[PDB]
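# A structural walkthrough
For reference, the chains in residue letters:
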Amino acid sequence: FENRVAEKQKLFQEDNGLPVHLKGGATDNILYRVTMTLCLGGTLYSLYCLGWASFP
Amino acid sequence: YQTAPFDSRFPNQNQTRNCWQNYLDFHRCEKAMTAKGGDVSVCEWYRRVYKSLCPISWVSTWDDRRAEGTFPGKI
Amino acid sequence: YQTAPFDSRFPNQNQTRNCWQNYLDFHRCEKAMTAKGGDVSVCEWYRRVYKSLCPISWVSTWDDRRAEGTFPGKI
Amino acid sequence: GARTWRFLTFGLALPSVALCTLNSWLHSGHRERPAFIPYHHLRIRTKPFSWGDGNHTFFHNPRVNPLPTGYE
Amino acid sequence: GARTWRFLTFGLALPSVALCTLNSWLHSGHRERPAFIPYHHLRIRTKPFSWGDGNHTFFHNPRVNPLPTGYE
Amino acid sequence: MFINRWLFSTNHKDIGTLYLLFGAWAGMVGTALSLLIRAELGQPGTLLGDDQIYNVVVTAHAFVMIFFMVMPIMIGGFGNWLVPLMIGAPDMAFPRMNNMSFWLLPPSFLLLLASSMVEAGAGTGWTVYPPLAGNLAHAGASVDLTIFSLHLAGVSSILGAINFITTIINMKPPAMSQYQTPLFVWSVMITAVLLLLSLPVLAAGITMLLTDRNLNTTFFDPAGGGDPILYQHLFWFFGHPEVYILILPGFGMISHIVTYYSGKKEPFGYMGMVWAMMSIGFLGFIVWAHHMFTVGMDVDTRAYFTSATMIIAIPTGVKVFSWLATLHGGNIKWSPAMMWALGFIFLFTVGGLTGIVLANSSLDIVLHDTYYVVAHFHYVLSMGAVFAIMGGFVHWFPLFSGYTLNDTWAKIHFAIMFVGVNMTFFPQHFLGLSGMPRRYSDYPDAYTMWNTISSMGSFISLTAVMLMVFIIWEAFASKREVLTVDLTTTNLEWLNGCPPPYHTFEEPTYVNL
Amino acid sequence: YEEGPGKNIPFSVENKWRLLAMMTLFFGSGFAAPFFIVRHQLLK
Amino acid sequence: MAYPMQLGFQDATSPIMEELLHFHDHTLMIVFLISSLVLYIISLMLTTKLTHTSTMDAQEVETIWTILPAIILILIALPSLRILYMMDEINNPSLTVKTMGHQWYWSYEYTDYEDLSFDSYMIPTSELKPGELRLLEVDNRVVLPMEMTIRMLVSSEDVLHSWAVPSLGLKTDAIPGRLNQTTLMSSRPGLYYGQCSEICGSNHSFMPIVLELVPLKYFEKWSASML
Amino acid sequence: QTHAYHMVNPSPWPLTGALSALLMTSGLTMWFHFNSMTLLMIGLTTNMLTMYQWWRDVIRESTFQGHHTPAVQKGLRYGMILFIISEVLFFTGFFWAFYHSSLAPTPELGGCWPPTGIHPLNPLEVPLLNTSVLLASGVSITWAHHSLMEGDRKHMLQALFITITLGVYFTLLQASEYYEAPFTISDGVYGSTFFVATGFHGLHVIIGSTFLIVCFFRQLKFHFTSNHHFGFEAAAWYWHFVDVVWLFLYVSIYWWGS
Ligand code: HEA
Ligand code: HEA
Ligand SMILES: CCCCC/C=C/C/C=C/C/C=C/C/C=C\CCCC(=O)O[C@H](COC(=O)CCCCCCCCCCCCCCCCC)COP(=O)(O)OCCN
Ligand SMILES: CCCCC/C=C\C/C=C/C/C=C\C/C=C\CCCC(=O)O[C@H](COC(=O)CCCCCCCCCCCCCCCCC)COP(=O)(O)OCCN
Ligand SMILES: CCCCCC/C=C\CCCCCCCCCC(=O)O[C@H](COC(=O)CCCCCCCCCCCCCCC)COP(=O)(O)OC[C@@H](O)CO
Ligand SMILES: CCCCCCCCCCO[C@@H]1O[C@H](CO)[C@@H](O[C@H]2O[C@H](CO)[C@@H](O)[C@H](O)[C@H]2O)[C@H](O)[C@H]1O
Ligand SMILES: CCCCCCCCCCO[C@@H]1O[C@H](CO)[C@@H](O[C@H]2O[C@H](CO)[C@@H](O)[C@H](O)[C@H]2O)[C@H](O)[C@H]1O
Ligand SMILES: C[C@H](CCC(=O)O)[C@H]1CC[C@H]2[C@@H]3[C@H](O)C[C@@H]4C[C@H](O)CC[C@]4(C)[C@H]3C[C@H](O)[C@]12C
Ligand SMILES: C[C@H](CCC(=O)O)[C@H]1CC[C@H]2[C@@H]3[C@H](O)C[C@@H]4C[C@H](O)CC[C@]4(C)[C@H]3C[C@H](O)[C@]12C
Ligand code: CUA
Ligand SMILES: [O-][O-]
Ligand SMILES: [Ca+2]
Ligand SMILES: [Cu+2]
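Residues numbered from 1 in each chain as written, not as in the entry; some residues may be left out. Chains lettered and ligands numbered in written order. Part of a larger assembly, values for the part shown. Heavy atoms only, no water.

### So, the packing of aromatic side chains
Residue and element names in this part refer to chain H. Quick note on the threshold: Working definition: rings of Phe, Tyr and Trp (its six-membered ring) pair if their centres are within 6.5 Å, and the pair is stacked with planes under 30 degrees apart, edge-to-face with planes over 60 apart, and tilted otherwise. Under the scheme used here, helices are H or I runs from DSSP no shorter than 4 residues and strands are E runs no shorter than 2 residues, and both carry numbers assigned from the N terminus. Burial classification: accessible surface area is computed with a 1.4 Å probe over protein chains only, and a residue below 20% of its type maximum counts as buried, one above 50% as exposed, and the rest as partly exposed.
This model, assessed by the stated rule, comprises 117 aromatic pairs over all chains. A centroid spacing of 4.4 Å and a plane angle of 15 degrees characterise the contact between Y105 and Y121, whose relative ring orientation is stacked. Of this pair, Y105 sits in strand β2 (residues 105–110) while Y121 sits in the loop between β3 (116–120) and β4 (142–145), and the two are 16 residues apart along the sequence. Arranged with centres 5.9 Å apart and planes meeting at 90 degrees, the rings of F118 and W222 form a pair that is edge-to-face. Of this pair, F118 sits in strand β3 while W222 sits in helix α3 (residues 216–225), placing them 104 residues apart in sequence. For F118, a relative accessible area of 8% translates into the label buried.

Structure below.
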């Protein structure tokens, strides 16, 4: 394999105002959206499950 | 015989092992006597002491387990 | 009785503790049976086993020490 | 140095593993299972397990792990 | 630094010694000496000692160290 | 922008602000629980129900006041706001991990409120002893939700401890030794070390309780060869350090408040104060079985725990005397914060001294599991930890907000709360000495007078809590902006203005050797 | 981000009456919760 | 039992409880004096316009601040530990009684001679007889001989409880799988009350202890009548 | 800025991690009591997503953006030491439980250790092999460290591969021993102490092996310099911690407890 670190240093230092968690490009946005959707949706489901479990 | 005397082997607040030891000693003694056809009367001291100290439910459970074959102490 | 049987407590070449344990057991039993005025025939197994296994000089020394009040084992 | 730690890896550490692998290899093979006795301090069931029929441990081995009622 | 080790010396170590010194100095009383029993595994004499009458240990204390024949 | 700033924060000040808001909300929940307790106890006979609903309330009261009010305010709130400013650091060592310490608390709190909503609640005491907390006597989800609540709070605090220790060791100006950091910074470092060592043992113990409840383990079940007393040792190995964790940041705030309102540049006997806090932290690990004097341990063990416990009075007394010596010769400013601090010194001393009474195992036989214990710990918590929180809040509110409180309203607040807490807890000494047990929904008729007066006290404290909300509203409603602050030369957290910019110490301080 | 008094908080202090409503809801919800939980337990 | 408006301990019924009252008196004097001195010194530090704000030397005064508290703690610990070891001394009991905690009542076992055992439950408020005490009376009292050393053994058949009688200086936790020992000796006949002292669920408040202390001859006849 | 410290970009991973903790704990509750794994599987998934993205971002910040100055690296060293200390105290609780039960065996066990009816594993068979495996892995990881400091890419990768192989061997051997064991977690306090203490250890071996695999792929991608490689140092410290815990388990539970 070859050392491609310099190419990643250029990408992640680009002066584009992106926070580090999105600076890799479109794949970062997709993985963020999947993560936050599962977190917020799972949290709403955990609250439904409490509602259910709160009564006999 | 009034009650179980102070036993220097068991001088502290926790008397669990005092009950256990006397229960074991009685049943070991009873087995050793019944085996030779000797006299279980020699075992009486251990019987009085464990009866004095041991909760009824502990004795009852241990007796049940000896009869079941599930008593985990060596007799 | 021919000789002392195998004892799973003492399975190795060093039989010192087998001799010692059976000597103690005989004398603890003989003291228990004398204490109630029970019968020492009950103690016979232990006597045959220690007599079989123990060197005469060990038995004779231990006997002398019990008589002297210098036997270091608990009877 | 790296040279010394590689020397220890191949000259001591891996030979030790090979010898202990031999030793375990030689003492393997199934030993007989003990008579079942329904001891009250074993095969504890205060709540069903959250898998299977509730009565089998997670890595239950039918050959050596009896249920509260004995071997399967 | 030196300042930290001095702080530990005076703030932890020497206070510990003072507390253990107080504890010892509370249980310093002389205990009741035990009945003499001429046990064969104690008061060993296979050769006379190379000092005194050959029968006294080097830091013999008459109050607590009996001879083979008992307390002096 | 709102989400980026307040849900995705990497800023020590904003995270501090989130902790203070969380702790304030938790304080209202804890106060409502305390009032339900005293509403039941304020008249003989049953008001609410049998001991189950009563002890669900008592249990929740304790977990809320400890884990959701005191620790988040003192450590998350004052610690995050003040520690970086007092060492000239640009933020915490791990500014993103800091945010996760905060966000673990709302879920932890949700699990505790779920515990109370499902089945019959966790009516266990905050100690959660088995077998009452086990799967026979507390069948169903309530205790498991309580255990998980404690797991999330524990992870929050463990990661926070790692963050504070690293920040305080690693991010001072290079010329600044540990012996040139302010006492509040020392108090947080020592608290963080206690958290790092104590919470994992709690985690082990409550995990064992979880497996006894759900995986047929028997750590605490004699049927399997377990021991309920093992749970108590593991819990209290955490629990005694936990009370020092609750007070130490309070001691640090009191040192700053007494110094400031005495007009002093420095507390009396700085190195003695450092020595005292490290000695208290250390001794706090070797005393836990004073919570177990009635369980049946050996006499020599009781003698050791009595003696080791009493030793804590020596470093603690050095702190009390050093506060008095800080007042000595002061140009005293009778600010509301100073009134909280003076109340602290006296009322904490009283509670510490009733702790010394309890340290005596022979007398503890009669006082254990009575209201005497309840009187002791509320003097140190409801009049100690809380008075340090209120003094620090009114002292630093203008730093955090840029606005001033009405000092006359704040003095009224102090006066009402002082009367209420003393009326609530002083008579509980009498209930304890005369034998009223803990965790009772109802009491024999003889105990009526003191329970009645105690409950009347609790209502006075409620009036104070309601007034505090109004006082914070009035400050934000009126918008009196800060102009000048005295003694900035010995109070670095004030030197960047009120409030300080989002980024402070972008250019670090200059300190030479 | 906005800096200065009233801007370093996750709630608005632009209108003291809107703020009173928000503070009422915030602290009032925490204080009310245990009463409603006790009611819930008593009604099973 | 406790009485209305009570400030201190129940009157001592046993010599050890007497010892605990005098030890509490000694300790409370110290607590009062230290509390009072701190309050006074606060008031002294706060009542002068005179000032001294320059750096103050701490080491001389810190000697006093550490040594005087250390002496006071020793003056508490010495009598404290004397009492601790007095309660632990060997005594030779005449009688052993067991108590087993349950949800929510106590059982008692007197098995030195005969299999005597019974359950002891709170009298419900609606069933109290005129003059009886709410939440304190039981149906079956723990009858015991006065002026005799009694061994009490305490355990549980379910959750934790704790067996307490404040006027005798007693509190022994009731732990399943454990047999805890204490000694009981009443100087006087009468009725001595206590209450369960470990949270044990729904009726923790409602499982009291009533000792009935009578002469040996009466105890012997009661014992025979309970078989 | 004219200090050397790292001002981190506003990040969603703290919130996603906190919510993953709510979903895992509410999920375990739902599994233990309401016969459903759904919430738990969502929580485990969000936890893995959060860890992946958080540590990915730390690599971006360090390897790709240069934010890890010596001062930042020193902070991380303290952070990892303090984390390891917290994990030592967690295991201490389990050792306390073990010694409490084994030193004073109750009548229910037969008043002996091991309890009546427990047939312990032979400590000289697979447990000794497991000991040789983790000790050997402590040697190979040290070789890997020195190779990296000496600038030797191939020998670093070989030594690290060997270390990971040994971690996997340990895990497979322990899995086999779990299956073969004639006692279970439900076999009283013997099974309780054995499986919870060795099970938390096994989890830490899996975590440590995963950390070493992350280091292996970063090394393959040339992230590490001969002087700057904190992720590798942290993984090695964690790995030594896992070794030492094993040695204490081996001496305490397998040997002294047999
Ligand atoms: C920090 C801990 C803490 C605090 C402050 C309190 C405060 C109070 N507690 Fe207590 N309590 C405990 C911890 C605490 N408690 C514990 C651990 C137990 C034992 C539980 C068990 O047995 O298992 C207990 C038990 C307990 C009992 C015994 C119950 C029983 O045994 O049956 C009683 C009885 O009256 C009581 C009452 C009160 C009252 C009336 C207050 C009042 O003084 C409260 C008044 C309100 C406040 C003090 C304000 C709170 C809010 C803030 C400070 C937020 C401020 C806002 C900003 C800074 C913006 N509590
Ligand atoms: C902030 C909280 C906090 C603090 C700081 C303390 C501090 C102390 N506590 Fe307390 N304690 C609790 C919170 C606290 N405690 C809680 C919550 C419980 C109950 C747990 C439960 O069961 O739910 C409790 C229970 C508890 C018990 C168990 C009682 C029982 O359950 O039977 C004991 C036993 O020794 C104890 C002792 C002490 C001592 C000796 C101190 C010392 O640190 C006090 C030291 C201070 C001083 C002594 C005052 C200042 C000193 C001087 C002015 C010098 C001169 C003094 C002398 C010479 C004496 N406390
Ligand atoms: C106070 C703090 C410690 C002080 C140390 C000892 C002080 C005196 C002796 C110094 C040298 C000690 C070294 C160890 C040797 C043996 C015994 C020393 C221990 C000792 O002092 O033990 C004493 C006996 O000494 C005895 O016999 C007699 C002791 C004198 C004769 C010793 C001769 C043996 C020398 C052997 C030399 C070998 C060297 C090895 C070299 C190796 C190189 C390859 C104990 O007193 P006691 O009355 O029996 O019991 C107390 C009753 N109240
Ligand atoms: C090869 C080693 C690797 C272990 C991985 C295996 C299994 C899943 C995960 C394990 C995690 C570690 C410990 C958790 C506790 C128990 C599992 C112990 C190890 C184990 O796997 O034990 C097994 C039982 O598993 C069981 O009950 C299974 C139980 C599964 C559910 C686990 C519940 C998790 C508990 C919550 C953890 C809380 C963490 C707290 C964090 C701190 C916060 C402050 C043993 O099998 P057995 O059939 O009884 O006997 C063998 C007979 N032939
Ligand atoms: C089935 C099991 C599921 C359970 C979930 C956990 C499973 C697996 C987790 C495995 C851990 C992987 C950690 C990967 C960290 C990658 C980031 C990293 O290593 O980051 C390094 C910094 O270290 C740092 O943050 C140090 C970061 C260290 C953190 C690791 C701590 C271990 C995590 C424990 C998690 C839970 C344990 C508790 C269980 C009870 C980056 O600096 P360098 O390396 O100097 O590079 C810079 C040079 O290139 C410049 O020239
Ligand atoms: C991005 C958003 C996040 C996604 C949220 C998804 C929520 C929807 C999940 C579906 O809900 C499920 O319903 C099943 C009902 O069929 C339950 O079955 C369980 O309960 C059944 C009751 O009939 C039993 O048969 C079994 O225990 C079991 O199948 C199961 O518990 C539950 O999860
Ligand atoms: C990406 C977001 C959208 C996807 C949302 C996820 C959807 C998953 C819903 C499925 O729910 C499951 O239903 C199973 C049965 O219907 C349950 O098995 C349960 O029942 C089995 C047999 O009925 C038992 O063997 C198991 O032990 C037991 O947990 C299982 O727990 C539960 O998870
Ligand atoms: C060909 C490649 C070169 C890597 C590089 O320099 O880019 C080599 C160098 C070290 C090699 C690794 C090491 O030799 C260790 C392993 C040896 C096994 O026989 C194959 C996998 C194994 C994990 C190797 C894979 C691969 O061939 C690597 C990574
Ligand atoms: C040596 C150390 C630091 C001094 C410094 O470097 O400034 C100081 C700070 C606090 C001091 C201690 C505290 O003042 C408390 C104690 C006071 C006694 O008079 C001496 C012992 C005593 C335990 C002190 C020993 C030592 O002088 C300490 C530990
Ligand atoms: Cu029984 Cu409380
Ligand atoms: O805990 O005092
Ligand atoms: Ca009522
Ligand atoms: Cu404590």
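### Details of the site of ligand 7
What counts, and what does not: Only a single heavy atom is needed: when it lies within 4 Å of a molecule or strand, its residue is near that molecule or strand. Under this definition, polar contacts are N or O atom pairs within 3.5 Å; protein pairs additionally need one hydrogen-donor-capable and one acceptor-capable atom, and for neighbouring residues in sequence, both atoms have to be side-chain atoms. Here the accessible surface of atoms and residues is derived via Shrake-Rupley with a 1.4 Å probe, and residues count as covered only by protein chains that are part of the display.
Around ligand 7 lies a shell formed by D:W51, I:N35, I:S36, I:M37 and I:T38. In the model, an oxygen atom of ligand 7 is placed 2.9 Å from a nitrogen or oxygen of the I:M37 main chain. A distance of 2.8 Å is found between an oxygen atom of ligand 7 and a side-chain nitrogen or oxygen belonging to I:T38. Considered on its own, ligand 7 offers 740 Å² of accessible surface; in the complex 31% of this is hidden by protein.

### What to know about the UniProt feature "binding site: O2" in chain F
All names here are of chain F. For clarity, the threshold we go by: UniProt positions are given in the numbering used here, feature names are shortened, and annotations may be inferred rather than shown by experiment. In this description, contact between two residues means that some pair of their heavy atoms is separated by no more than 4.5 Å.
The UniProt entry lists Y244 under the feature "binding site: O2", expressed in the numbering used here. Within the element layout of this structure, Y244 appears in helix α8 (residues 228–261). If near-sequence neighbours (up to four positions away) are discounted, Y244 is found in contact with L194, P249, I280, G284 and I312.

### Focus on the pattern of salt bridges
Here is the rule we go by: Salt bridges, as used here, are contacts in which a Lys or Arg side-chain nitrogen is within 4 Å of a carboxyl oxygen on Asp or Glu.
Per the stated rule, a full pass over the model turns up 26 salt bridges over all chains. Where F:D445 meets H:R134, a salt bridge forms, and the shortest distance between an N and an O atom there is 2.7 Å. In this pair, F:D445 is assigned in the loop between α15 (407–433) and α16 (448–478) and H:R134 in the loop between β3 and β4, connecting two distinct chains. Given the relative accessible area of 15%, H:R134 is considered buried.

### Observations concerning the nonpolar core
This is how it is decided: Within this scheme, the nonpolar core is defined by two criteria: the residues are buried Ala, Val, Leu, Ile, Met, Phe, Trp, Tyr or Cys, and they are joined through side-chain atoms within 4.5 Å.
Formed by 307 residues in total, the largest nonpolar core has its most connected members in F:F67, F:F78, F:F109, F:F344, F:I345 and I:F232. Ranked by residue count, the leading element in this core is helix α3 (residues 51–86) of chain F, at 23 residues. Among residues more than four places away in sequence, those in contact with F:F78 are F:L20, F:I73, F:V83, F:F184, F:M253, F:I389, F:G392, F:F393, F:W396 and F:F400. In terms of nonpolar packing, the next biggest core, distinct from the first, is built from 35 residues, B:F26, B:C43, B:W62 and C:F26 among them.

### Observations concerning helix α5 (residues 153–180) of chain I
Convention followed: Expected helix span is taken as 1.5 Å per residue step, with the number of steps being one fewer than the number of residues.
Over its 28 residues, α5(I) runs 41 Å from end to end, which matches the ideal 40 Å to within 8%, given 1.5 Å per residue. You can read the cap of α5(I) off the contacts: a side-chain oxygen lies 3.5 Å from the backbone nitrogen of I:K154, and it is on I:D152.

### Some remarks on the arrangement of the chains
When the 17 pairs of chains in contact are ranked by number of contacts, first place goes to chains F and H. What separates chain A from chain C at the closest point of their C-alpha atoms is a distance of 57 Å, and the two make no contact. Without any contact between them, chain C and chain F keep their closest C-alpha atoms 25 Å apart.

### Considerations on the side chain of F:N214
On the secondary structure map, F:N214 appears in helix α7 (residues 183–214). At 3.0 Å, the side chain of F:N214 forms a polar contact with the side chain of D:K47. Side chain to side chain, F:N214 and F:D144 meet in a polar contact 3.1 Å long. Sequence-distant contacts of F:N214, that is, excluding residues within four places in its chain, are made with D:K47, F:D144, I:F32 and I:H33.

### Observations concerning the interface of chain F and chain H
Heads up, the condition is: In this description, buried area is defined as the sum, over both parts, of the accessible area (probe of 1.4 Å) that is lost when the two are combined.
Each side of the interface is counted separately: chain F has 86 residues, and chain H has 76 residues. Considering only the side of chain F, the residues that lose the most area to chain H are F:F268, F:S362 and F:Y440, jointly responsible for 8% of the buried surface there. Our enumeration of links across chain F and chain H arrives at three salt bridges. A salt bridge links H:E198 to F:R439, with the nearest nitrogen and oxygen atoms 3.9 Å apart. Our count for the contact surface shared by chain F and chain H stands at 24 residue pairs in polar contact.

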